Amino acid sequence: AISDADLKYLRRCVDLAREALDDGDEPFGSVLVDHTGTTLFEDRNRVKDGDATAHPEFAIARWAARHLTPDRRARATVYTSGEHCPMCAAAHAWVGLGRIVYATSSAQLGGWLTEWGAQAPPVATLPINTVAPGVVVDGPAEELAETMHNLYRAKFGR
């Protein structure tokens, strides 16, 4: 299963996804943590002003390219409530970030959308390693499945 320390940062990601929903946005949150265990950057979706590319994982990738050396990026971890879409997985790989840990997979998300009769996203729900074959990926976290099911249903399952 997932480490206890990893699960604590995933719970922070879920809290960020809840912040996003409560601000009229989509429930996706992500945290960048360095190899010392220091949180460097936290973000959530910001698509409500009209830019559907406003994903936290992408913001993290550009922040890392700006602020961190290649060595430091490679040793950092990105935690996310939901597995990176292909945009974000590719951006992560381009900048040379390290491990990804997700609470819920894109397989879970896509399966729930179809359960609810909801439209699929306009991007295929490709696993990270289809897009970015070298990235170390862990998840999902069983303890957080129900919570994320309920967040996603609130936004996308009406």
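Quick note: we count residues from 1 along the sequence shown, nothing fancier.
Across the other entries compared, none leave residue 66 without coordinates where the residues on each side are present, so it is far from a third.
Notably, residue 54 is never a gap: all other compared entries of this protein, restricted to those modelling both its neighbours, have coordinates for it, so the one-third criterion is not met.
When 32 to 40 is weighed against 92 to 100, 32 to 40 comes out higher, by mean CA B-factor as recorded in the entry. Between 50 to 58 and 66 to 74, the higher mean Cα B-factor belongs to 66 to 74.
When the C-alpha B-factors of 105, 119, 129, 125 are ranked from the entry, the top spot goes to 119. The entry lists a Cα temperature factor for residue 17 that places it in the lowest third of the chain's modelled residues. Ranked by Cα temperature factor within the chain, residue 133 sits in the highest third according to the deposited record.
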